[PDB]
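Asker:
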Amino acid sequence: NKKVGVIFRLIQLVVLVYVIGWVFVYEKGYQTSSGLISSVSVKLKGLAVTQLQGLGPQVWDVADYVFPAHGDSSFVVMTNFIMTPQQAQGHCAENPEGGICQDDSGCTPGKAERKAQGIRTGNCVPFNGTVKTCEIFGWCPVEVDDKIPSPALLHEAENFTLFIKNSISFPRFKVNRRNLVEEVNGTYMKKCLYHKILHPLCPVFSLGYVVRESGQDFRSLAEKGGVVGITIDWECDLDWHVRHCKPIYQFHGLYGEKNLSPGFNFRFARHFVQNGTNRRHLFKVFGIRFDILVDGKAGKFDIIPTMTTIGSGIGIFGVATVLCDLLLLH
Amino acid sequence: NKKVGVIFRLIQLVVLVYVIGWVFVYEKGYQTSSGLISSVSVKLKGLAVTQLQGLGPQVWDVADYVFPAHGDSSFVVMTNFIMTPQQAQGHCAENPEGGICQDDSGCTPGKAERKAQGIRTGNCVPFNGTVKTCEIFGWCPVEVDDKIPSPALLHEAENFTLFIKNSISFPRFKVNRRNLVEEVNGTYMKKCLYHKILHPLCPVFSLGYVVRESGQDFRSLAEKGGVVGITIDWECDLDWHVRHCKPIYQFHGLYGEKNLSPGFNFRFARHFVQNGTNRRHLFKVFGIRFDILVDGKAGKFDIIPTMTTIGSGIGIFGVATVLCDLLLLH
Amino acid sequence: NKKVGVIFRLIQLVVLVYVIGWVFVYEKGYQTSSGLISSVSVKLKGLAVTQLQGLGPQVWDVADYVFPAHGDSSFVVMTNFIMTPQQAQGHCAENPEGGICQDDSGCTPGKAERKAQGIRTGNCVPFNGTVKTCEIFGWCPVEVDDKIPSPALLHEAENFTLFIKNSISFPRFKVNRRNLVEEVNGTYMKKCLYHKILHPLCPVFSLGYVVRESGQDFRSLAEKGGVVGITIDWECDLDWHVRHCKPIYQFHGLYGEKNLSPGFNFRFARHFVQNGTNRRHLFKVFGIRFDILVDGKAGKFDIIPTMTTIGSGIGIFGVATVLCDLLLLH
Ligand SMILES: Nc1ncnc2c1ncn2[C@@H]1O[C@H](COP(=O)(O)OP(=O)(O)OP(=O)(O)O)[C@@H](O)[C@H]1O
Ligand SMILES: Nc1ncnc2c1ncn2[C@@H]1O[C@H](COP(=O)(O)OP(=O)(O)OP(=O)(O)O)[C@@H](O)[C@H]1O
Ligand SMILES: Nc1ncnc2c1ncn2[C@@H]1O[C@H](COP(=O)(O)OP(=O)(O)OP(=O)(O)O)[C@@H](O)[C@H]1O
Ligand SMILES: *[C@@H]1O[C@H](CO)[C@@H](O)[C@H](O)[C@H]1NC(C)=O
Ligand SMILES: *[C@@H]1O[C@H](CO)[C@@H](O)[C@H](O)[C@H]1NC(C)=O
Ligand SMILES: *[C@@H]1O[C@H](CO)[C@@H](O)[C@H](O)[C@H]1NC(C)=O
Ligand SMILES: *[C@@H]1O[C@H](CO)[C@@H](O)[C@H](O)[C@H]1NC(C)=O
Ligand SMILES: *[C@@H]1O[C@H](CO)[C@@H](O)[C@H](O)[C@H]1NC(C)=O
Ligand SMILES: *[C@@H]1O[C@H](CO)[C@@H](O)[C@H](O)[C@H]1NC(C)=O
Ligand SMILES: *[C@@H]1O[C@H](CO)[C@@H](O)[C@H](O)[C@H]1NC(C)=O
Ligand SMILES: *[C@@H]1O[C@H](CO)[C@@H](O)[C@H](O)[C@H]1NC(C)=O
Ligand SMILES: *[C@@H]1O[C@H](CO)[C@@H](O)[C@H](O)[C@H]1NC(C)=O
Ligand SMILES: [Ca+2]
Ligand SMILES: [Ca+2]
Ligand SMILES: [Ca+2]
Ligand SMILES: [Ca+2]
Ligand SMILES: [Mg+2]
Ligand SMILES: [Mg+2]
Ligand SMILES: [Mg+2]
């Protein structure tokens, strides 16, 4: 029958167009992919002044709120902190959340099994006028974290300027690319701010813009802390010029339930010697966690992939025709 | 032929059952796989007090033995240290491991090519009563690390509490998950220790338990340093509810030969100004290296993968039937 | 026909040799692959003395130029720095690049929108004899980074010694390997330096050698900063003995445009209390960025992969015969 032959030729044409227009065009079968090597260097340029009761004005420059000062990919930008000044080792009362004692016999000398704050001397001393806590041996100025300021201390960090410099290189093709594309120039970086539509190539990112693009409010996030994920994808075709190679920035919001362990926080201390006595300043820093992950691939024409793909296509076409014949006659 | 037909029916049934069950359900062919974006937050809550000879009791807290303040995937917990207090830059004797001089003519003005300890002035000064070393310019108190304390100074760091906060999100499926699963509540985190048999979901990990689960004894690993690797896997089946997916924690121990480079150690210093003179304290810290690696895969039903797998199965089935016929023919 | 039979036999033997030698032996189809986990430990043994105008001789040791104290995969080695000493918070003039004022009416009280240096009081004060800058609130000794010393302050860091400790393990096969191979003994590390041909397994890497093998001159990188990528690959066959497993060390140079953001730079501060007043030292460090990435794969014989490869090979063989027959029919 002529109709059977027409259907067979239609199936043959369909599979013959499919194999090429998919593997070669859509999937880039003739190209070869290699993993890149990336190093992320970040620089923060902004200032936030925090004034606390009983203390003088505090200046927080880049070195302050950026704790990974060595330009690590994963960095934390300080937005709120609790400061305990002039901590010195000695005999003093512990925190009330650790334990509450009504008499000296209640306290037991030794180390706490869980959440240890200090070596208990064995006496019950008044933490304040109302309650009494067991005396411990440690930094005497207590780190009270029960009161967290509702307005963020470093609330100016919302609309700061964040510079991200990423250099990627493909070892297979020996091609090195950087996020500073040829479209970006020196005068451009002076005033540009990153935008998904307006300024996609501008390497200067606003912290508030980055947080809002991830889906999180900066005000609520700055109080308790947060995690923001930044991904840079390098998808380019090496058959074209290297000018077309441009990085794509995607912001992902890493958050969780506020009822259980809200925000991100950590503690660091600055050790100094004053009046011949070793003292330190303890800060419970509530800051946003920024993680930068770079992944990408580059494709360039090669004979071996093209040949293998041609062979696979022939095999698919041959199998399809034989299978069609089995369907037609059985 | 009847037997040929029976063999063909059997082969067809076998290959059909295979292509319908294995690749479809066992391999999750109908589902699509994607990656996740992860960020690890670690917190150490523990207290260790060391009483070095000739010094006062030293208290170590979270800011002390956790050298990464913000908290990275790779962090070191201090277990043993060698302290060289009050280092000042001047002309003084070097360490005997560098070289031993019997006369002043032996020393040469310059710097050593390998393992340089300072700028040699060309003079031979007695390091102690017995031997003499060439005078160098630098920190006069040399870190004498020939003697390592047999009992770990921070031996209490064995059964401390370690909390790991991991937030993973899949971009294509827009699903965000955290290690704090629905089963874990606020009261649960108050009193729980990670036990793979009893408490697999408890996010609080005991350091000694983590070290023992890696195949290493904590005492020798602490007195000399070591490396412990922790992996978190997120295998989720998005066809079910999100509560079904739970993180799986695996502890792998990274160890080497004790004869060559035993354990892990590093050098850090704290700079201070006392009596108008710049001084520092040098610590040779022997600590366990903890690395957190998070990798996961999620699969959800989709029409395109299902269709491709069905088509592939038909092709495999078709090839198998043709092959069976050829085998029967010959 | 005889020639048709010869062509058929030739195609048969060709596809047989292919399926038996390429996908089985050359590609190790019978083996199975599993990813490894790695933790990198780095240690620098070098000393550089920098003499600056006004300040005394400054001695820099391992703890100094290596800012990551514990030691991560990404670390910075200080090669050049700009030191601003005795920074104290107060009302004082800003940098000329931030803004130049000719009258007090020009300055406006507030903070700069971009690249803020301090809180402008609103009075134009002379920065020096010629120009005047608006008075700001912050660290009064301003970092004047316009003048970069042409000779690197730390140029001796070229031919220093760098030791990399990498411990890898495969969880599937429970085999742990370290970069210290059995050929590397204790006496070997004392007198070996890494080379591509001479000492491929020596774990001591010269910084200048690493920089030069990446295609970069050490002086240009020491002047304005640099980024160097190190990759350690673990390609071994677990069918052989573990002694054959040897890591491969190669260095990748992440080049950057000289006119736009040359090199890598960062800023850190050391806080100290002197004479009861809080002061700090600000350093703008132009240090080379060293990134270490480990990617390895191990293969061991298994029955399931061997069977699948045999089956796939038979399928390819069958398809080829059918295709050949179709061509003969045509
Ligand atoms: N966080 C940032 N916000 C805005 N601009 C930045 C930021 N980081 C860098 N830049 C600009 O990018 C250009 C190149 O930066 P580079 O790494 O050379 O720093 P630099 O110019 O050496 O240091 P500085 O900016 O302190 O002079 C500089 O002109 C700088 O003004
Ligand atoms: N390493 C740890 N060991 C034991 N419990 C921990 C640890 N880290 C956090 N937790 C507990 O988990 C709960 C939620 O964690 P969260 O991030 O709120 O800590 P936190 O309350 O800020 O720390 P802290 O209890 O020191 O004030 C807290 O009540 C805390 O006590
Ligand atoms: N960066 C380096 N350059 C040259 N040799 C090194 C380097 N790091 C380590 N070594 C050598 O490797 C040997 C073993 O190092 P290991 O990790 O045991 O340090 P250590 O001997 O405990 O401490 P240190 O080497 O600081 O005295 C040492 O004898 C040392 O000489
Ligand atoms: C004393 O401290 C406890 C701690 O919980 C607090 O509840 C109480 O109000 C304090 N009393 C005074 C008088 O400050
Ligand atoms: C937002 O950016 C503007 C820049 O025009 C700045 O004036 C403002 O202070 C920023 N907001 C916060 C909360 O810092
Ligand atoms: C600077 O870069 C921008 C990119 O948006 C471009 O439009 C502009 O022409 C560039 N300036 C010069 C002087 O080339
Ligand atoms: C002097 O130092 C050397 C260094 O190895 C040591 O061997 C020797 O015992 C020391 N002598 C005394 C008396 O401490
Ligand atoms: C082990 O844990 C127990 C908790 O009951 C604690 O008392 C003990 O001190 C721990 N061991 C060490 C060596 O710290
Ligand atoms: C707390 O979590 C545990 C998980 O093991 C659960 O058994 C317990 O019921 C939870 N407590 C409450 C009050 O829900
Ligand atoms: C004052 O500082 C400016 C800053 O650009 C500089 O150009 C000028 O030469 C300086 N004048 C003197 C006398 O140092
Ligand atoms: C290069 O290495 C040699 C070792 O013989 C050393 O003397 C020299 O100072 C090194 N060069 C630099 C610039 O440090
Ligand atoms: C030390 O290692 C080297 C590796 O190059 C080897 O040639 C030498 O024989 C080893 N020394 C001893 C004493 O085994
Ligand atoms: Ca650090
Ligand atoms: Ca890291
Ligand atoms: Ca096929
Ligand atoms: Ca001080
Ligand atoms: Mg608390
Ligand atoms: Mg030593
Ligand atoms: Mg500048």
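Same order as they appear, the protein sequences are chains B, A and C.
Going by the entry's author numbering, the first residue of the first sequence is number 26, and it counts up by one from there.
Going by the entry's author numbering, the first residue of the second sequence is number 26, and it counts up by one from there.
Going by the entry's author numbering, the first residue of the third sequence is number 26, and it counts up by one from there.
Heads up, the beta-carbon is just placed ideally off N, CA and C, and yes, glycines get one too.
(1) Beta carbon of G154/A: closer than 7 Å to some heavy atom of ligand 7?
(2) Between which two residues does the beta strand (DSSP E) harbouring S194/C extend?
(3) Helix, strand or coil for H277/A? Go by DSSP, reduced to three states.
(4) Consult DSSP for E160/C and reduce its assignment to one of helix, strand or coil.
(5) Using a beta-carbon distance below 8 Å, is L307/C in contact with chain B?
(6) If you follow the beta strand (DSSP E) that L353/B is part of, which residue opens it and which one closes it?
(7) In terms of residue numbering, what span does the beta strand (DSSP E) encompassing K199/A cover?
(8) Taking 6 Å as the limit between beta carbons, can you name the residues of its chain near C117/A, skipping five residues before and five after?
(9) How many Å lie between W47/A and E248/A at the Cα?
(10) Should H277/B be labelled buried (16 or more other beta-carbon atoms within 10 Å of its own) or exposed?
(11) Apply the 10 Å Cβ neighbour rule to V101/B and answer buried if 16 or more other Cβ atoms are within range, or exposed otherwise.
(12) Please list the partners that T256/B has in chain A, where partner means a Cβ-to-Cβ separation under 9 Å.
(13) Can you name the start and end residues of the beta strand (DSSP E) that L69/A belongs to?
(14) To the nearest angstrom, report how far apart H95/A and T104/A are at their CA atoms.
(15) From the DSSP output, read off the bridge partner residues of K322/C.
(16) How long is the line joining the alpha carbons of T155/B and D128/B, rounded to whole angstroms?
(17) Between the segment 138-154 of chain A and chain C, which residues of the former have a C-beta closer than 9 Å to a C-beta of the latter?
(18) Confirm the yes/no value for this check: CB of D170/C, any heavy atom of ligand 19, distance under 7 Å.
(19) If we count the other Cβ atoms within 10 Å of its Cβ and call it buried at 16 or more, is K215/B buried or exposed?
(20) Let me check understanding here. Comparing Cα to Cα, which of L246/A, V67/A and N210/A lies closest to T186/A?
(21) Taking beta-carbon pairs under 9 Å, can you tell me which members of the segment 271-285 of chain C lie near chain B?
(22) By a C-beta neighbour count over all protein chains shown, 10 Å radius and 16 as the cutoff for buried, is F230/B buried or exposed?
(23) So does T57/B have its beta carbon nearer than 7 Å to some heavy atom of ligand 2?
(24) Along chain A, in chain order, which residues have C-beta atoms closer than 9 Å to that of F162/B?
(25) Once you ignore the five residues that flank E207/B on each side, which residues in its own chain have a CB closer than 7 Å to its CB?
(26) Would you call the CB atoms of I144/C and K136/C closer than 8 Å?
(27) Please find out if some non-hydrogen atom of ligand 3 comes closer than 7 Å to the beta-carbon of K70/C.
(28) Since I believe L72/A is in contact with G123/B (beta carbons under 8 Å), could you give me their beta-carbon distance rounded to a whole number of angstroms?
(29) Suppose contacts are defined by Cβ-Cβ distances below 8 Å. Is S194/A in contact with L279/B by that definition?
(30) With DSSP run on the structure shown, which of helix, strand or coil describes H269/B?
(31) Counting pairs of Cβ atoms below 8 Å between the segment 320-331 of chain A and the segment 255-272 of chain A, do you hit three or more?
(32) Examine ligand 10 and report whether any of its heavy atoms sits within less than 7 Å of the Cβ of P151/C.
(33) Pull up the distance between the alpha-carbon of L352/B and that of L348/C, whole angstroms please.
(34) Going by DSSP, which residues form a beta bridge with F315/A?
(35) Could you tell me which of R292/A, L69/A and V74/A sits nearest to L178/A, measuring between CA atoms?
(36) Taking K309/B and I107/B to be in contact with their CB atoms under 8 Å, please state how far apart those CB atoms are, rounded to whole angstroms.
Answerer: Walking through what the data contain:
(1) yes
(2) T186 to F195
(3) strand
(4) strand
(5) yes
(6) That residue, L353/B, is in no beta strand (DSSP E); its alpha helix (DSSP H) goes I328 to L353.
(7) Where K199/A is concerned, there is no enclosing beta strand (DSSP E), given that its DSSP letter is neither H nor E.
(8) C165
(9) 51 Å
(10) buried
(11) buried
(12) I62 and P196
(13) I62 to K70
(14) 20 Å
(15) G60/C and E260/C
(16) 14 Å
(17) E138, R139, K140, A141, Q142, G143 and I144
(18) yes
(19) exposed
(20) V67/A
(21) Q275, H277, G278, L279, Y280, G281, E282, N284 and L285
(22) buried
(23) no
(24) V74, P82 and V84
(25) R268
(26) yes
(27) yes
(28) The Cβ separation is near 11 Å, so there is no contact.
(29) yes
(30) helix
(31) yes
(32) no
(33) 18 Å
(34) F100/A and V253/A
(35) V74/A
(36) 4 Å
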